[PDB]
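Asker: experimental coordinates follow, after the sequence.
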Amino acid sequence: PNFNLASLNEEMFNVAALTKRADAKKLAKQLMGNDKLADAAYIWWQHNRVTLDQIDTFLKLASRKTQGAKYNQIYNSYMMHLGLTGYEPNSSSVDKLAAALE
């Protein structure tokens with residue numbers, strides 16, 4: 001419907017409250033694979049005035065050790081919305097994931 005249900009779920013991610021090696025990688029994993037989920041996650045952190053240096057050390061730890069390549073992909077949704085990007089000098093990759101498989 002048009003109505004918008006509002007609730008308080010701070011026990012889903014809370015990267016600013018969660019700290020661990022594997023425990024973190026696991027939380028980020030589902031947040032990097034599940035789109036329908038990450039959609040509410042990437043927006044959740046920002047809601048709590050999260051910092052890139054934070055979500056980065058979290059997601060990155062879950063992804064490769066190359067400054068988290070795919071980390072900026074699913075996270076781009078935020079950096080793009082706020083328009084405050086400009087951390088790294090440059091980065092390249094393949095846009096195959098974007099293309100469908102039909």
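Answerer: Ah, there it is. Numbers count the residues shown, from 1 in each chain.
Asker: how distant is stretch 93-102 from the center of its chain?
Answerer: Stretch 93-102 has its C-alpha centroid displaced from the chain centroid by 19 Å (C-alpha atoms, centre = their mean, to the nearest Å).
Asker: oh, I was asking about stretch 79-87
Answerer: Counting by C-alpha atoms, centre = their mean, stretch 79-87 comes out at 13 Å from the chain centroid.
Asker: which parts of it are buried?
Answerer: Within stretch 79-87, the residues that count as buried by 16 or more other C-beta atoms under 10 Å are residue 79. To be clear about C-beta, it is placed using only N, CA and C from the backbone, and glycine gets the same treatment.
Asker: quick check: the residue nearest the centre of the chain vs residue 19, distance?
Answerer: The residue lying closest to the centre of the chain (C-alpha atoms, centre = their mean) is residue 75, at 4.2 Å. Going from residue 75 to residue 19 by C-beta to C-beta, to the nearest Å gives 19 Å.
Asker: how about residue 79?
Answerer: From residue 79 to residue 19 the distance is 23 Å (C-beta to C-beta).
Asker: now do the contacts for residue 48.
Answerer: 10, 16 (C-beta atoms under 8 Å, 6 or more residues apart in numbering).
Asker: for residue 83, see how far away it is.
Answerer: 19 Å.
Asker: please consider this matter closed, and thank you.
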